[PDB]
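Peer 1: The working numbering puts the first residue of the sequence shown at 42, with every later residue one more than the last.
Where a beta carbon is used, it is the ideal one built from N, C-alpha and C, also for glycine.
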Amino acid sequence: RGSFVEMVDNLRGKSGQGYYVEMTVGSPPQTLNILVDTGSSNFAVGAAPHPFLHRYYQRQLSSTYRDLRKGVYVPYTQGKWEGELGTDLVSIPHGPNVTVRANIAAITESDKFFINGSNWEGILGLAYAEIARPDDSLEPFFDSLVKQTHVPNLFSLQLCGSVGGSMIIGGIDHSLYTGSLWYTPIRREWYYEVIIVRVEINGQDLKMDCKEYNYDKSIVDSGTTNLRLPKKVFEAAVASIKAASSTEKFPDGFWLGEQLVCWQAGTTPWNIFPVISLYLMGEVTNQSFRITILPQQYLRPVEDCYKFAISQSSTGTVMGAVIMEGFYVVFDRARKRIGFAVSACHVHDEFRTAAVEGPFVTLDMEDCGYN
Ligand SMILES: COc1ccc([C@]2(C)CCSC(N)=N2)cc1
Ligand code: NA
Ligand code: NA
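1. Pull up the distance between the alpha-carbon of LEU268 and that of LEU52, whole angstroms please.
2. One question on the structure: do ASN157 and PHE93 come within less than 7 Å of each other, judged by their Cβ atoms?
3. Per DSSP, what are the beta-bridge partners of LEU165 in this structure?
4. Count the other C-beta atoms from every protein chain shown that fall within 10 angstroms of the C-beta of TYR117, then say buried if there are 16 or more, exposed otherwise.
5. Looking at C-alpha atoms only, which residue of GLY307, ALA395 and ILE260 is the closest neighbour of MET360?
6. Return the chain-ordered ranges of every alpha helix (DSSP H) run that is complete within the stretch 208-292 and spans a minimum of 4 residues.
7. Where does the unbroken alpha helix (DSSP H) through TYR339 begin, and where does it stop?
8. Helix, strand or coil for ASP108, going by three-state DSSP, please let me know.
9. Between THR403 and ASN327, which are expected to be in contact by the criterion C-beta below 8 Å, what is the C-beta distance as a whole number of angstroms?
10. Please determine whether the Cβ atom of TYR218 lies at a distance below 6 Å from any heavy atom of ligand 3.
11. Using a threshold of 6 Å, is the CB atom of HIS215 nearer than that to any non-hydrogen atom of ligand 3?
12. Counting Cβ pairs closer than 8 Å, one from the stretch 381-393 and one from the stretch 301-318, do we hit at least three?
13. Check the DSSP bridge columns for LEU198 and list the partner residues they point to.
14. Just to check, is the beta-carbon of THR265 closer than 6 Å to a non-hydrogen atom of ligand 1?
15. Excluding the 5 residues flanking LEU167 on each side, which residues of the same chain have their C-beta closer than 6 Å to its C-beta?
16. Got a sec? Which residues, its chain only, sit under 8 Å from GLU123 by beta carbon, not counting five neighbours each side?
17. For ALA350, count the other beta carbons within 10 Å of its own beta carbon; 16 or more makes it buried, fewer makes it exposed. Which is it?
18. Excluding the 5 residues flanking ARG100 on each side, which residues of the same chain have their C-beta closer than 8 Å to its C-beta?
19. For the pair the stretch 193-213 and the stretch 294-302, tell me if three or more CB-CB distances fall below 8 Å.
20. Where does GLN189 sit, in a helix, a strand or coil, going by DSSP?
21. Return the CA-CA distance between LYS283 and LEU301, expressed in angstroms with no decimal places.
22. Which residue's Cα is closest to the Cα of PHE84: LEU165, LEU179, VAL238 and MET64?
Here it is, written out as structure tokens:
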């Protein structure tokens, strides 16, 4: 409890391409880099010599492999994969000293899923069984871990925006945040669903029915890069951010993420950009808190040039890496809640820092939840 030095700095990544942890599967162990994803629930790994992959899971080499004689087909908005299901022994070298039998989807065919140039070979869905493929009876990795060990039912993520960070399995490390942790209830155990109750751009409420903030859901997701907002909320938010920094101008498509923009090294005009504040439902009736992020978070370096790291959605609000890189995030599954605290590693300046502040009084927070 409280200190987990061995798991500190166990995540690596490429900006925009996610964060991965090193894992081992099978006996003797085969080492793989695995994408950490709080927005899905399958543990799936490449199992065939696709040209983009550095390595892949060779089942024939594992004496502890067991076939489930079951296929699974998984499409996305863009990507897709299919695989064969099985179980085998799994470890996290820079994690708790335990081994568990878990479900593994051996990816045998894929399309627009593996990234050419990326250093990961699979994906660890850390979300709940409800959203597992093909159905909720396929036990997700973290469930199996908790059932078979004395590892407490929680994990936390410190993503430092080339990129690095920490996944602390089964605990919290207090050296990874400053100030206090504030908690938001997980509304339902499927995705890590939460309720946003208010959005401010540089102090200014957007005066939207808060039900719009959560249409049709809001989630904390480490596998998505951007802050994603519902169309209606997105429109208002760009309108408000456009207005706050119309001191200078950029092409109209930049806000849609259809192009980039540049400045000279040493001094970028950070300060003409507004903070964004999300107010989250708190632990207590009529009590909320807020997290505030800097431009440093929603202006993502590309290569001194930056892309606009907020974009629209038809799936609800998605607090991707943009949000999460400002914060130490605790997925406290045991008490059905997500904790936020200001990250010890987050990218700030001499002027403003990311913030987690409360309590605030918000009435009718239940009305913001979409049914
Ligand atoms: C970078 O490759 C990825 C990342 C994430 C995902 C999924 C499984 C679906 C898209 S969004 C998400 N969090 N998880 C699928 C592929
Ligand atoms: Na247990
Ligand atoms: Na601390």
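Peer 2: From the atom records:
1. 21 Å
2. yes
3. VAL77 and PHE84
4. exposed
5. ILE260
6. 272-285
7. 336-339
8. strand
9. 6 Å
10. yes
11. yes
12. yes
13. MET208 and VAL370
14. yes
15. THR79 and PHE183
16. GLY112, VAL113, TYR114, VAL115, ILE148, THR149, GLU150 and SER151
17. buried
18. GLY67, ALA88, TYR106, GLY127, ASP129 and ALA147
19. no
20. helix
21. 15 Å
22. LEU165
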